[PDB]
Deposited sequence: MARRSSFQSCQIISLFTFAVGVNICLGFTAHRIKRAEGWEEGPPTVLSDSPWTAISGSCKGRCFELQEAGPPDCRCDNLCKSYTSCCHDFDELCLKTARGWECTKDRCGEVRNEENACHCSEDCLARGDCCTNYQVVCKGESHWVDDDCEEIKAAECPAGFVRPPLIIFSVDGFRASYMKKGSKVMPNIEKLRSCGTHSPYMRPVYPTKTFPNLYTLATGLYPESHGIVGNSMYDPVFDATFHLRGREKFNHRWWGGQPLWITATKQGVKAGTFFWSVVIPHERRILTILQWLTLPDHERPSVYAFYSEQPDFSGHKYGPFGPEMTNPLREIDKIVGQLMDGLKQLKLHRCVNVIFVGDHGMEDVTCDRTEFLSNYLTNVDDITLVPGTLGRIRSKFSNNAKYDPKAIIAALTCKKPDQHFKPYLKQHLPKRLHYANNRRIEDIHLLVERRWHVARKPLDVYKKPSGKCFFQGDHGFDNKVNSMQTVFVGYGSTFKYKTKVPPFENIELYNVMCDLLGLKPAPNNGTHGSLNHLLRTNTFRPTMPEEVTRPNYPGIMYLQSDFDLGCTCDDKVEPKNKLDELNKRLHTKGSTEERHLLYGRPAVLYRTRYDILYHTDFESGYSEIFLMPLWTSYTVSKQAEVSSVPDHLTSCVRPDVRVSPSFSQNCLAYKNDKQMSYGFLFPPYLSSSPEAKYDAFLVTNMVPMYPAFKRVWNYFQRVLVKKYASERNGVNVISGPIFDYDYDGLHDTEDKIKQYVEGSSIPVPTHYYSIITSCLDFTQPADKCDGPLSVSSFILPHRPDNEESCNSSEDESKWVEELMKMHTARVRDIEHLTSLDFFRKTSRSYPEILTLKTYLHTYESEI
C-alpha cells in the first residue's frame, strides 16, 4: 500500500503510531514527515503557489486545507501572535457550528519542576500567559514513585499506581513471569494496564478520541500541525480530546541538573511549541473554543554519581538479590527457591547500620499510608526509601534524577487549565494529580469510571460544573445507651464543645454506641470492642473502670493484656488533658482503652501529653478525632472481620495496624476552634502501630528528638483515613460541600 492521501488517518498503516509497530508504508516519511523550508512562514513566501514537498504552507488555500504554518497569518496577513494579545475573559465556548463540546488538548511535559515557572515570562512567555490568564496552582503533587510511566497512567486513569498496575518504569510480574521496561516491547502488551484510561472512558460514551498516542520519534512541530489539521475535520471524524507529550524538559534535566544554566534553552524551545499551538488555534478561530491543560508528570532533583549508597557494603550474600536501583529500592530474591534468601535478615541488616545512611528499608505494609504503594503483586515486599539527592545501587554522566517521595519539593510539578470552561485569572491551592481524570471527564461530559480522585474536590477550578457532589448515606445509625449494667456484672481484672462539625457517618453495617462525657465524645464499636473515633477539643489556655452503659459481653478486659506478653494499652482521649480530677476518671473507662505495644506508647504518649497542648497553643485550640485502623491486607480500605490477623492474646480484642488523629482548628486563628465562623484548617496523620521503633534511628534518645519527625513522615489526608475507616467526617459545618472535599483531600507536608 501507500500513504498517499492518508497521512495521520484515524484507524499497511499510516496513523501516528505506525512507526512504533514497524509498520508504516514505504512512503510514510516522504509524504507524512515533510521537512522542507522549516516550520515558520517568512516574508519571501507570502503569495506562493502550493508546493507538495513543503513542511507547512503559506499560500491562501492553506487555511481551509488546515495546514498553514502556524505563523502564516502573523507574517503574511499582519496578525499578531497569540502571546502578544491581551488577556480577555472567555465566558462562553466560542466554537464553530457542530462543535458539541469545547475540544480538549492535554499538553504533557516531562520532568517539569514547579519551580521552573519562577523563571517565567523571559524564558516561557506563552506558558506564562496560560498561567497568568487561566487557572493555575502553585504546584501539583504527583504520585509515588515520581517516575514517568506510573505518573502518566495516573493522569489517564485517576487511580493510584498499585491500582492501575503500572507501579514503576520497570517491574517484574511474578504471575506473568515477565518484566516490563521503558525501553522494550513488553510494555506494548495491554495486560499490564488496568483501570479505564481517559481515551477508553470516552470511546465507550460516544465522545471521539482519535488515534490518541503519537510515536515519540515524530518531531514536535509535525505533531502540533497534525493536531490542527484534525480540528478542521468534518463533525463525524473530528476527535474531541487530544494529547501532546514533550520528553523535555526531563531529557536535558538529567544531563544538567534542574538548576543548570543549560536548562534555559530546552524550556524556551518548549515554549516555542506552545506558542505555535495557540498561534495555530488562533488562525483556525479556535483559540477561545478549546480547553488546554498544561501539566507535568514530575519535577527533578540534583543527583550525581558520587551520592550512591551500596548494598554490598551492608550485606554479605549480595549476589543473591535483585535490586531495582536509583531514587528508590525494591529488592527480591534473584534465584527461585534459594533458602539462603532471608528477607527478615535483609531488612535487619539495612536498618540503621551507618550513621550517615541515605536510605531506609520498609516492608511495603509499613510505608507511610499516604503513598498508597503496597497493594500489588509487582511491589516487592522489601522497599527502600531513598533520601532526596541520593541514589542506592547494588554493587560499585547525569546531574538530575527523580523518583523520590512525592511530598518532596523538587518532585512537585505544574498544572495550568485554560479555556472556555476554566476559571479566569484564578489561582487555586495545590492538589494531587489523581484528581485530574474526573476534571478532564467533566470537560468532555463524561461519567468518570471508578477512581481515587474525589469528584467535586476541584470544582473551584471551573466556571461551570456538570457535577454537584452529595454526601454518602449513613448505613448504620447510632444507639445512645443510658445506664444499663452494674459494677457487679463486670469481671475486668459536649456537642457545643467537643463534636464541632457533626458526627462521622458509619458507612458499613454494624452496631455501635455514642457515649457522652465532660471532656470528650465517642462512637464505640461493639464488634471491635473499642471506639471507631474519639472527638475532643483542647482550648488554647488548657486504673481501668467498667463502662456502665456497655455490656460486659461487648467490653474489653485488663486480664487479656496480662496474657499477651507483647501488648500493653493506651487511651484515645488522653487522661493527661482532663479538665478536673473528678472528670479524669472518665478517661480510664474501659471504653476509652485501646491495645498499644510499649514501643508505640512512647509515641502516642508524647503526642498526647506534649504535642496536642502544643498545637492547641499554636493554632488557638484544636479538635482532635482519634481512632484505630485495621488494614491487614494493605489495600488501604477498612478491614472486614475475616481479615484481622491479630487479637490480644487470649481474647476477641482485635489489634489495629495503625492509629489516626484528625486535627482541626479555625483557619482564622483569631477565632478559637469552638467559636469559628469561616473555613477550617486541618492536619492529619496515620501512625503504624508497630512493636519496635526500628523506623526511628534516633529512638534511643528522648522523644522530643524523634517522635514529631516520625509523625510528620506519616502525614495523611482526611480522605485516606476515610478509606481506612469507612467513616465520613465534617458532615455538619457552615461550609459548602465541595469546599469540605478540598479540605478532605489536603495533605500537610512540612517543606
Exercise. What ranges of the deposited sequence are left out of this structure?
Worked result: 1 to 56, 68 to 73, 459 to 469, 567 to 591, 641 to 651, 861 to 863
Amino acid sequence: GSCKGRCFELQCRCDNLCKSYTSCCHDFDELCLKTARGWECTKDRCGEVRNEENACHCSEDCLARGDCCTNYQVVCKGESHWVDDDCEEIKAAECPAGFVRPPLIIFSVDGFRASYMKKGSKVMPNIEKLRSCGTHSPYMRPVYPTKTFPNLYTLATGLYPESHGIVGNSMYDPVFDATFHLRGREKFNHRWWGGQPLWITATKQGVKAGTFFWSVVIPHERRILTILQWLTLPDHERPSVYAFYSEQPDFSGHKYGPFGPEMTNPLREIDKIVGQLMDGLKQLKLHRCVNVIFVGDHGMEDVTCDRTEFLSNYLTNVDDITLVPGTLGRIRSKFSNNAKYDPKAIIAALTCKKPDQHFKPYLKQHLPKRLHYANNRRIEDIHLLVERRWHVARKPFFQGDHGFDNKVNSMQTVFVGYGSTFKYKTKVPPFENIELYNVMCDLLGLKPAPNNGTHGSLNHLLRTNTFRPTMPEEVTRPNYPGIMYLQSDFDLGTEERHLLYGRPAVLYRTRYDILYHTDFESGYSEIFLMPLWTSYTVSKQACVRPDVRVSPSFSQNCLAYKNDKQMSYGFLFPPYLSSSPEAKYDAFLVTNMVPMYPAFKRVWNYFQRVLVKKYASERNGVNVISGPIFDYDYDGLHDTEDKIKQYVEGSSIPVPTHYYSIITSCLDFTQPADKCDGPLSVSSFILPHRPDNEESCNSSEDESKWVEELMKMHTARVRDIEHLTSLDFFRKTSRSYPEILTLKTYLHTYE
From here on, numbers count along this sequence of modelled residues.
Exercise. When the other PDB entries of this protein are compared, is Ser23 left blank in at least a third of them?
Worked result: no
For this session: Please confirm whether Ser736, modelled here, goes without coordinates in at least one third of the other compared entries that cover both its neighbours.
Result: no
Exercise. Of 340 to 348 and 107 to 115, which one has the bigger average CA B-factor?
Worked result: 340 to 348
Problem set entry | Per the entry, higher mean C-alpha B factor between 150 to 158 and 673 to 681 | 673 to 681
For this session: Kindly indicate the residue among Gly194, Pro531, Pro258, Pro654 with the greatest C-alpha B-factor in the PDB record.
Result: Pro258
Exercise. Which one of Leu367, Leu277, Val143, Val544 shows the biggest C-alpha B-factor in the PDB entry?
Worked result: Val544
Exercise. Among the chain's modelled residues, which third holds the C-alpha B-factor of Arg6?
Worked result: highest
Exercise. By its CA B factor, does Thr715 count among the lowest, middle or highest third of the modelled residues in the chain?
Worked result: lowest
For this session: Name the third of the chain's ranked CA B-factors that contains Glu695, choosing lowest, middle or highest.
Result: middle
Seminar exercise, completed: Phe212: CA temperature factor from the record, placed by chain third, in the highest
Problem set entry | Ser420 - which third its CA temperature factor falls in, relative to the rest of the chain | lowest
